[PDB]
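Okay, structure first, notes after.
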Amino acid sequence: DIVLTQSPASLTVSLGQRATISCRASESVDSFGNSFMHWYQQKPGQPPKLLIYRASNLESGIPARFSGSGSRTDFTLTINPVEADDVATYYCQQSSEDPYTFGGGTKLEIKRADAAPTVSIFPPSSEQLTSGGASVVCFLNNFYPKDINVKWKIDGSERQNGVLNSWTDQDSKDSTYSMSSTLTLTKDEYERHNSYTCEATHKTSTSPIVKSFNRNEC
Amino acid sequence: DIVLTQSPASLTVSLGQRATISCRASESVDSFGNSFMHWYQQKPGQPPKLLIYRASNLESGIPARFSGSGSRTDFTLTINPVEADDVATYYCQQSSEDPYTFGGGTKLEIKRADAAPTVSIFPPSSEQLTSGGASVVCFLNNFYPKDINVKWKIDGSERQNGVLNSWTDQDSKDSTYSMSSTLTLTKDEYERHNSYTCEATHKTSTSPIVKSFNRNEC
Amino acid sequence: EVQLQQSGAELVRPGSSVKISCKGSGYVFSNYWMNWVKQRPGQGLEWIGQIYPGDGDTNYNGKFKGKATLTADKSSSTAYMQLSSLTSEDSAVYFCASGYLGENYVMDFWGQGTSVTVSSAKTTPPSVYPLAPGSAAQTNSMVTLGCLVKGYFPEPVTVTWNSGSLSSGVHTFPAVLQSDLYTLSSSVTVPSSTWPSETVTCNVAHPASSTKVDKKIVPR
Amino acid sequence: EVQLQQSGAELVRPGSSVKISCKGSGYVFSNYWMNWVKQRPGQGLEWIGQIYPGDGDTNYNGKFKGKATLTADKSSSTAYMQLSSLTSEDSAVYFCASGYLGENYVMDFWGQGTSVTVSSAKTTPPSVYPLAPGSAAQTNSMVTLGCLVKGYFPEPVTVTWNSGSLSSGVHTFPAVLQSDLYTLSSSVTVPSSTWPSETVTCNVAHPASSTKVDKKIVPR
Amino acid sequence: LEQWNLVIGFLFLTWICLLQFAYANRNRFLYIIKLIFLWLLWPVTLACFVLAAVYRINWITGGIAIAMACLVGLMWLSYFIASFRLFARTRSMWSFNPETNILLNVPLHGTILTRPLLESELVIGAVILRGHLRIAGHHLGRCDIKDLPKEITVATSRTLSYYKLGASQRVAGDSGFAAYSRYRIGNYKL
Amino acid sequence: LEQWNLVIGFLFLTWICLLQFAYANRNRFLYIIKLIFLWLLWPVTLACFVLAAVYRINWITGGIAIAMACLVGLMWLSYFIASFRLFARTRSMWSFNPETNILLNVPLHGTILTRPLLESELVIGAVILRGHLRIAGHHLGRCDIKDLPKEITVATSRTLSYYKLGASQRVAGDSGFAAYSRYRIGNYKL
């Protein structure tokens, strides 16, 4: 079992600069005159896509901005003009021995300018209230980078129960993120309190963005 | 120009026996290790169909009952189990020199049992009469062999003017012939006489078949 | 499936010129050879020349040099042959053929053929006359029926019975040229119960004069 | 073109067995190899084995011997993989791949993937609640709208807006497992002139329980 | 000296014929004669060198003759070992041909046809061209697309490769194209 | 004889190396050495035979030496004439290789690539196999289906054949198949 080790486990490159990914090997991958080292690209929710086969040859239908090199144990993949569509995870595979093995995986991230979130607060619906639940939902859209915190205070008092956060993948068009935090209550707890505030603390936004509502008018 | 001479110019074989066709040559058709002699089959109203190429090789899609041989100058095509569908004309072609030349052609006839004609006489139509002509038509259908003659006697007197006989090709199903003889008259000449008779004499019957009509009934 | 399709029949005057076409489908047209065979109405076949449409390399018979000119058109996938200073000897049927691997010594698939008529006679529509057994209607086991087509120019004419549904027992006879007008006959036989229970019809189509006749035959 | 198509998502129970299929078109199925890769939900890829459908020659990883059995069917052009004695570690996505020339060392075209879930929890239809902007009506240049899907099992569910016509700035968030019940949300932003002039609709389809909901969004 | 001059004259005449005509695609009679000449030339050279060593001018020539005898013995043993390994792999008489080291075996017409190869390959192509199988440029015989061999092997002295059919294609006129790709290089010998 | 035994010992050692290793695909250095030896063998053999003729035992040996001298001169002239004809028709250094007599010329990448052939063919096939042109089993280089050469030639000492492209085909993965068929065998030399 030729163990393949990749470096680094995560990579951030600005639009335009080059990206270098390395793949090691426990043994020699070179067979009788052939290398047998392949590179794949897998976007979320899709099967892997072959880029380089036998460590040098470029796959048909793949843009010429991907190039690979190396021999024996050291191998390298290079994307010289990176673009916003190259956000994926890259693997290396060997085919010399019978139990084919894959690499660990290297996630590629794109660096760009900082952006501020667009906070939106939503009250519970009548269907939710008559079913018995109370889930207030706050959306944070189109911000960069991923460093963001949310504080779910109610009537001036913080709440640390029932908060579920969910980030999205980095976009392939503008390379920005999104996030939604939901606070789940019951009908009685929602009825008693009046003011609910969603506070988003982003690094570029020194003063946090606040969106709030009162259930008496809603 | 390599002149190709075929023998015979006409062939009659019974349904089941073998047929042999020969093709000569003015010079040697053998190129640097290749023969370059081809055989074709052409049914009436259709383009030629290749059977044998380079004097031995059988064309794909052609039944295996066709086979060719020969070299240098003497070449031969053989159809051992002939069938009723093999009625056509066969040519030989050379491709060694720049002006490609074809053979004379050998028409293949098929022998079978004798049959008698089915005589049918037809009076002139009213449209023909009001247009001004008068053409009586006699049909002879499904007879073998081709040895037949028709006598166009009117009111007991033979007519030798305006008679047109037209044979058909031998059938590919029962291998029998047909013919139609038409006698052309004007309206006044048709109206003068009364009785018209179509008399056909075939070798299989010593007494000719007669079909006649009168203008009084018609 | 590799195929070749030619143009229609051509009627020209002596001293003029005609341009035959033959286009193919199902393969790369620029990598093959075409061979342009000629067959006279009563004689055998005869070879004219070759052309490679990829670059324009041609061979000629030597007899037809000056008479025949071969050109090609890669963009439309169509090849042409032009015959000049036409005479009465130039009436024939012209084929186009090619090989399965694109070779110039074997002709594997052919075109249907193009008929060229060189005469000064003008086109004439046909005149269809029914033929019926007016003597006694011939009430035997099977009654025979005719349909006479007279006085048309040029060849050919197509005679079919009931739009091709009745194609058993049909004998179409060759045309007889007479004073520059052709004459043709065809005969069909039907069971005595079928006629006159169902009305039969001979459909005569003359594409040279765009004449379409559906004359139906009736008892006297 | 060369294609590979797999089955649908499979929900099973521990101790049972499942049979995944993957069939291909556009080529001779008996002359190729298939490679049957596996990808865990939070880990990397892993190789299971091979099969040649022409005669039945197989290779295995060694870890998956006994767990995975590969068979083929030339007549229907379909290959199968059976996993036996399933446990919680066996929940993954299983692919099938082949090479362009029928080789066993390159994987050129893949299958879309088949998700297998090994759990004792029963299927539950989703509950869709609209999210209307009741705080201050969001009367800005671009008003945002939401649609909350809560309590469904198993994965996945698809949320589309106005049957796919509204696809400008649609963010669908990953599901969060909570007491064996997933929860999902999605957001869309429209100009303030469009809504509430035209009421939007979030179409939710759960194929596991055959649930189709077309909940509409109206002002509070 | 005149006797030796005639003998050394005929000695060179055989040397010209072997280097100009004795090849496999060339005169096969002379090819067989060349094989016999080589097989008889090995022991004669070894015996001549050991004789020059035992009857030597001085100790330098003795060492030179001993080294040359060791070299020719090494060549003899290397040839025999390589030829016997290749014959064990393929059981063909091309194993003893010094010009070739890679051999291609194809099961066709109920027999196995052996042909030499210039280079070892990872994928081998095939064409038909009107029902005449032609693998790696070698004219094998008449075959169809349906009747293509399902597995071929390429044997050398050190390893034995296995190839399998894949990616066929048909064109008009009983012609086609196929590919054979390697799947196993172990499992030595037959 | 000890001196002559050493000399005749080294005479056979060169004979072992030329018949076992001196081949074009095996060892190019020994192939060039074999060419030099072959080009030097003819004058030496001719001079030795005429020397045996002038210094002869009897008139029988004189006639034998004269006949052998005529034979080696005939071989020399035949080789030079054939090689010069082939070089005039192909302008390649494979013309002087005694093993080969048929040469294939392919215009690719702005140059002409000469390779030897075993048999003269009426039709020549070609395969691609992932963008790697391979005509008559010879590995030429990288090429596309649309970049195939339009015309190739096959040259020998007596005639020059011309071939043209026809009946191409494409399969998935930048691979394909083509055929080259002969249309002219005249128009000798370039």
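Residues are named by chain letter and number: chains run A, B, ... in the order of the structure tokens, numbers start at 1 in each chain, and ligands are numbered from 1 in the order shown.
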- Message: Set the distance at 8 Å and use only C-alpha atoms: which residues neighbour residue B:75 once local chain neighbours fewer than 2 positions away are removed? I'd like the list as a list in words.
- Response: residues 22, 23, 24, 55, 68, 69, 70, 71, 72, 73 and 77 of chain B
- Message: Need the shell around residue F:171: protein/DNA/RNA residues with any atom at most 12 Å away, counting only C-alpha atoms. Skip same-chain ones fewer than 6 positions apart. Format as a ChimeraX atom specification?
- Response: /D:1-2,26-27,100-101 /E:167-171,176-179 /F:127-131,145,177-178
Just-selected residues, N, CA and C atoms written as a short mmCIF file (atom, residue, chain, number, x, y, z; two decimals), in the first residue's frame:
```
data_model
loop_
_atom_site.label_atom_id
_atom_site.label_comp_id
_atom_site.auth_asym_id
_atom_site.auth_seq_id
_atom_site.Cartn_x
_atom_site.Cartn_y
_atom_site.Cartn_z
N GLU D 1 -22.03 9.06 -27.59
CA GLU D 1 -21.21 9.40 -26.43
C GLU D 1 -21.21 8.27 -25.41
N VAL D 2 -20.19 8.24 -24.57
CA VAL D 2 -20.05 7.22 -23.54
C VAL D 2 -20.64 7.75 -22.24
N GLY D 26 -23.51 3.58 -25.29
CA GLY D 26 -22.65 4.24 -26.25
C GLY D 26 -21.39 3.49 -26.61
N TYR D 27 -21.18 2.30 -26.07
CA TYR D 27 -19.96 1.53 -26.32
C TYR D 27 -20.27 0.05 -26.11
N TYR D 100 -11.43 5.42 -21.48
CA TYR D 100 -11.91 5.69 -22.83
C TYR D 100 -11.57 4.56 -23.80
N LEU D 101 -10.48 3.84 -23.55
CA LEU D 101 -10.08 2.72 -24.39
C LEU D 101 -10.34 1.37 -23.73
N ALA E 167 -12.50 -1.29 -26.76
CA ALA E 167 -12.73 -0.14 -27.64
C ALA E 167 -12.65 -0.53 -29.12
N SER E 168 -13.59 -1.37 -29.54
CA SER E 168 -13.72 -1.72 -30.95
C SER E 168 -14.53 -0.66 -31.69
N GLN E 169 -14.48 -0.72 -33.02
CA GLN E 169 -15.21 0.21 -33.88
C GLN E 169 -15.31 -0.40 -35.27
N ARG E 170 -16.43 -0.17 -35.94
CA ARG E 170 -16.68 -0.71 -37.27
C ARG E 170 -16.91 0.42 -38.27
N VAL E 171 -16.36 0.26 -39.47
CA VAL E 171 -16.64 1.15 -40.59
C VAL E 171 -17.16 0.29 -41.74
N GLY E 176 -12.47 -2.28 -39.70
CA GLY E 176 -12.66 -1.87 -38.33
C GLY E 176 -11.36 -1.49 -37.66
N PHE E 177 -11.45 -1.31 -36.34
CA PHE E 177 -10.34 -0.84 -35.51
C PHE E 177 -10.56 -1.35 -34.10
N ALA E 178 -9.47 -1.75 -33.44
CA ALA E 178 -9.56 -2.29 -32.08
C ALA E 178 -8.32 -1.86 -31.30
N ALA E 179 -8.39 -2.05 -29.98
CA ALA E 179 -7.29 -1.71 -29.09
C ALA E 179 -7.10 -2.81 -28.07
N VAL F 127 -3.41 4.41 -36.80
CA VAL F 127 -4.17 4.53 -35.57
C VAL F 127 -3.64 5.74 -34.80
N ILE F 128 -4.45 6.22 -33.86
CA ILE F 128 -4.12 7.41 -33.08
C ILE F 128 -3.86 7.07 -31.61
N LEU F 129 -4.85 6.51 -30.92
CA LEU F 129 -4.68 6.02 -29.54
C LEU F 129 -4.20 7.14 -28.61
N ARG F 130 -5.10 8.11 -28.41
CA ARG F 130 -4.88 9.25 -27.51
C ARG F 130 -3.78 10.19 -28.03
N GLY F 131 -3.94 10.62 -29.28
CA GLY F 131 -3.06 11.62 -29.86
C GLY F 131 -1.61 11.21 -30.02
N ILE F 145 -6.53 13.85 -35.47
CA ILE F 145 -7.27 13.33 -36.62
C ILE F 145 -7.30 14.37 -37.73
N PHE F 177 -8.79 6.33 -36.50
CA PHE F 177 -8.34 5.33 -37.45
C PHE F 177 -8.39 5.92 -38.85
N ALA F 178 -7.39 5.60 -39.67
CA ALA F 178 -7.31 6.14 -41.02
C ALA F 178 -6.72 5.08 -41.95
#
```
Kindly provide, as a CSV table (one decimal) with C-alpha atoms, in the first residue's frame, the residues of chain E having any atom no farther than 7 Å from an atom of chain F, counting only C-alpha atoms.
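File written: result_28.csv
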```
chain,number,residue,atom,x,y,z
E,2,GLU,CA,49.9,-19.3,-51.2
E,5,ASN,CA,46.4,-16.7,-49.0
E,6,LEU,CA,43.7,-18.7,-50.7
E,9,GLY,CA,40.6,-15.2,-49.3
E,12,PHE,CA,36.7,-13.1,-46.0
E,13,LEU,CA,34.1,-14.2,-48.6
E,16,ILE,CA,30.9,-10.6,-46.7
E,19,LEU,CA,27.0,-9.2,-43.1
E,20,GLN,CA,25.1,-8.4,-46.3
E,23,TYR,CA,18.8,-11.8,-42.4
E,38,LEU,CA,27.7,-18.6,-34.6
E,45,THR,CA,37.0,-19.1,-30.0
E,48,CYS,CA,41.8,-20.9,-29.3
E,49,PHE,CA,42.0,-18.4,-26.5
E,52,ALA,CA,47.0,-19.1,-26.6
E,55,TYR,CA,51.2,-21.6,-25.1
E,56,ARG,CA,52.0,-17.9,-24.6
E,57,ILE,CA,54.8,-15.4,-25.4
E,98,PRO,CA,19.8,-12.7,-32.0
E,99,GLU,CA,18.1,-9.8,-33.8
E,125,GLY,CA,-3.7,-1.3,-31.8
E,127,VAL,CA,-6.9,-2.7,-38.0
E,136,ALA,CA,1.0,-3.9,-34.7
E,137,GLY,CA,1.7,-3.7,-38.4
E,177,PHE,CA,-10.3,-0.8,-35.5
```
- Task: Measure the distance from atom CA of residue B:103 to atom CA of residue C:68 in Å and round it to one decimal.
- Result: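 Taking atom CA of residue B:103 as the start and atom CA of residue C:68 as the end point, the length is 22.4 Å.
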- Task: Return the neighbours of chain E among the residues of chain A, cut-off 10 Å, counting only C-alpha atoms, as a PyMOL selection string.
- Result: chain A and resi 32-34+98
Could you write those residues out with N, CA, C and O atoms, as a PDB file, in the first residue's frame?
```
ATOM      1  N   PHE A  32       7.624  -0.178 -15.230  1.00  0.00           N
ATOM      2  CA  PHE A  32       8.601  -0.419 -16.292  1.00  0.00           C
ATOM      3  C   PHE A  32       8.451   0.675 -17.346  1.00  0.00           C
ATOM      4  O   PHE A  32       7.864   0.487 -18.414  1.00  0.00           O
ATOM      5  N   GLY A  33       9.010   1.846 -17.036  1.00  0.00           N
ATOM      6  CA  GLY A  33       9.011   2.975 -17.941  1.00  0.00           C
ATOM      7  C   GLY A  33       7.841   3.928 -17.822  1.00  0.00           C
ATOM      8  O   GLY A  33       7.787   4.907 -18.578  1.00  0.00           O
ATOM      9  N   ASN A  34       6.908   3.689 -16.903  1.00  0.00           N
ATOM     10  CA  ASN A  34       5.723   4.524 -16.761  1.00  0.00           C
ATOM     11  C   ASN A  34       5.586   4.991 -15.319  1.00  0.00           C
ATOM     12  O   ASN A  34       6.018   4.309 -14.389  1.00  0.00           O
ATOM     13  N   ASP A  98      -1.738  -3.196  -7.028  1.00  0.00           N
ATOM     14  CA  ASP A  98      -3.138  -3.588  -7.188  1.00  0.00           C
ATOM     15  C   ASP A  98      -4.091  -2.789  -6.304  1.00  0.00           C
ATOM     16  O   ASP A  98      -5.100  -2.286  -6.830  1.00  0.00           O
TER      17      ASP A  98
END
```
- Task: Considering only C-alpha atoms, extract the chain C residues located within 7 Å of chain F and return them as a PyMOL selection string.
- Result: chain C and resi 31-32+101-104
Mind writing the picked residues with C-alpha atoms as an mmCIF file, in the first residue's frame?
```cif
data_model
loop_
_atom_site.group_PDB
_atom_site.id
_atom_site.type_symbol
_atom_site.label_atom_id
_atom_site.label_comp_id
_atom_site.auth_asym_id
_atom_site.auth_seq_id
_atom_site.Cartn_x
_atom_site.Cartn_y
_atom_site.Cartn_z
ATOM 1 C CA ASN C 31 -10.969 11.852 -48.976
ATOM 2 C CA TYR C 32 -12.534 9.746 -51.761
ATOM 3 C CA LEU C 101 -11.881 2.898 -48.295
ATOM 4 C CA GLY C 102 -11.558 5.845 -50.687
ATOM 5 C CA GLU C 103 -9.497 4.055 -53.354
ATOM 6 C CA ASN C 104 -9.439 4.801 -57.083
#
```
- Mind listing as a ChimeraX atom specification which residues of chain A are within 7 Å of chain D, counting only C-alpha atoms? /A:46-47,50,95,99-102,104-105,122-123,125,127-128,166-168,213,218
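Relative to atom CA of residue A:11, atom CA of residue A:65 is found at 17.5 Å.
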- residue A:39 environment, 10 Å, only C-alpha atoms, sequence neighbours closer than 2 positions dropped, as a PyMOL selection string: chain A and resi 23+37+41+48-56+58-59+68+76-77+90-94+102-103
